[PDB]
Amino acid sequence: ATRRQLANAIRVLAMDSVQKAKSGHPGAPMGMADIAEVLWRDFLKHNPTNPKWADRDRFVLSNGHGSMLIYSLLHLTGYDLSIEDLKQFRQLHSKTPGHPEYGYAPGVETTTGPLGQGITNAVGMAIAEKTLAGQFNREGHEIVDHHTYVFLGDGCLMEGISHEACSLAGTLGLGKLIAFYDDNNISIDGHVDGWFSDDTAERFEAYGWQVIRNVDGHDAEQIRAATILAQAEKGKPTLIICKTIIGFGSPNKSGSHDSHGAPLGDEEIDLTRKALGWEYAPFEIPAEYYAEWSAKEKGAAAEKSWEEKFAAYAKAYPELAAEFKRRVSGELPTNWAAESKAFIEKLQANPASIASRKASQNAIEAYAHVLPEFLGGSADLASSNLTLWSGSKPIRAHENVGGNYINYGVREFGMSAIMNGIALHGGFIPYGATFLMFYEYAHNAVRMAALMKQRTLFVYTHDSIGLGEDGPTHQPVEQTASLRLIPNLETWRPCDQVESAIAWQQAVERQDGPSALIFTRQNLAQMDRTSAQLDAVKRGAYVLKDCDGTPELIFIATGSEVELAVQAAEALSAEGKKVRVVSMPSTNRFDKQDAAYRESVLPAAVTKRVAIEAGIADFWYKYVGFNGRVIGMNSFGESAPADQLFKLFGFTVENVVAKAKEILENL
């Protein structure tokens, strides 16, 4: 078959699957099929029988609405994705959801859909390849060597996150990143000139990318020539601008947004088959086409060759090879359990009153000696977030290439989605920090990490009005509660240096999802814990101060407000009242405990509960109920020194005691 005939197999599988589903986007798959045929058949290094081969090239479909493009490519080249799977497009519990989801189909490298995060994940994947190569490759043993390929569209380039990711990609000289731009002059609102008129070539040249302009996206020889010059450029990422016709082959809907996101219809599909010269019924692919699309034989030989290279590498570098396999698998070092425990116990036995952001740095310093896979960073806030340790080596294009730290610049969304790509790639545990407030810039990347069950460590410092004079644009109020609502994210707001080391430990051990670690600017007093209390911190909430017998009142506190809760409990106790203090470093972790443990912390029979947190109050009714009270925030902050703000907003022993006594008096 001809290259165009092979590409048409994608076009027809796409429009037939959308039609059977009565749902989906036929246009971009049809527009990009010729580019896909060249890239997948001539260049992409992959093995359909092992989609987890460590040295495979990574392909990312950033215009994720064109999901039938990747589904067709995976089916045609030999992956474990069947015609029956394509017939279940957009159906409940199928392998082929409306937007491609990591973990659902073999060979989908990332979950896309939200525009701009695809290319940003890919930037992270290319950073991880370059850094892993810098850490593990040796002379004669280039065991890390693979490209990162991206398809992207107009929406992706309009999104601000594309500017964050691609500006950084150029600075870091990601020569193995090659992106194909689907330049079809179409978005949902119509022909894009009215709202999108960048000179995109000049924009990307300004980032330090190589740009190959004006490629005919339906001419295989041109796509091939451009890909060759893209691969020959070793120092810069490359953008190949492909001129395509959206919905190529449709006589009445091509070149128009009418083909972007609706079924073509039975009549138009017939007219398309004829304009394409495609004579086979829906979901029928001739055996000849499967034979020429198959990547099984080329892929198996590529991996067997890499396995032989790795075998020889392991003889020369036995510890590197073991570390490679360990880190790529995501397992922790065998001494991790004992050294992290010993560090946490040392802190419990050597009290220090420090800011939890300092405790965070101390934890990084200790754990980084055990975890060479740490790949840390900050969005231009290293000296405020305290993310550097004594062994930090900031990565640059030609310096510290096997380093372990990224100066992300002022790019919270880009950093967060890059970290997702780093986590997806394997070999690293990424962490990256900013101020808690600017979680809101990166919000959807955090949710994406949770949806993809990726171990990405989101570090946030300056967590409340405790930060003081920078004022209400910076002082978080509702941000912690908002992070707590993200399914499959575990949010930690530790109350001293010990809870801070335990939150880091729990985040590192959480391999099926991300964590958010929230730290303070101001000093926090360390709480006393018995061995059993120390063991219970990782359960998310535990009894910190207890009375003899059933409590008449329970204080629930997190983070910097735990000392206040303890002091108010002391005052009430000196009046003969029986009060319990529960510290709740992670509401998410506590919610997962069995009902016996939760009842032992918050007994159902004790309904007089006071929650204390310098955050939005509405969150806490889940734990205090109608008979409880929340000592929280219900407004934006103010610019003033922190001690005056804590008094202004009621975080005083007098106020807490007074509010507690009101519910004890049933008022």
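Just count from 1 along the sequence shown to find any residue number.
Novice: Quick one: higher average CA temperature factor, 350-358 or 186-194?
Specialist: On average, C-alpha B-factors are higher across 186-194.
Novice: Taking the mean of the C-alpha B-factors per stretch from the entry, tell me the winner out of 575-583 and 175-183.
Specialist: Taking the mean B-factor of the alpha carbons in each, 575-583 is higher.
Novice: Please work out which residue in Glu284, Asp216, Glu339, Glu469 has the highest C-alpha B-factor recorded for this crystal structure.
Specialist: The C-alpha B-factor peaks, among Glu284, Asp216, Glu339, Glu469, at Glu284.
Novice: For the C-alpha B-factor as written in the entry, point me to the maximum among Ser639, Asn634, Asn47, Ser62.
Specialist: Answer for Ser639, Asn634, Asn47, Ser62: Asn634, with the highest C-alpha B-factor.
Novice: Lowest, middle or highest third: where is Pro333 by Cα B-factor in its chain?
Specialist: Tercile = middle for this residue's CA B-factor.
Novice: Within this chain, which third does the Cα B-factor at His163 fall in: lowest, middle or highest?
Specialist: Within its chain, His163 is a lowest-third residue by C-alpha B-factor, going by the deposited values.
Novice: In terms of the chain's CA B-factor thirds, is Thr96 lowest, middle or highest?
Specialist: It falls in the middle third of the chain.
Novice: Comparing against every modelled residue in the chain, figure out the third that the C-alpha B-factor of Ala105 lands in (lowest, middle or highest).
Specialist: It belongs to the highest third of the chain when residues are ordered by C-alpha B-factor.
Novice: Should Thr530 be placed in the lowest, middle or highest third of its chain by the C-alpha B factor in the entry?
Specialist: For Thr530, whose C-alpha B-factor we compare with every modelled residue in the chain, the answer is the highest third.
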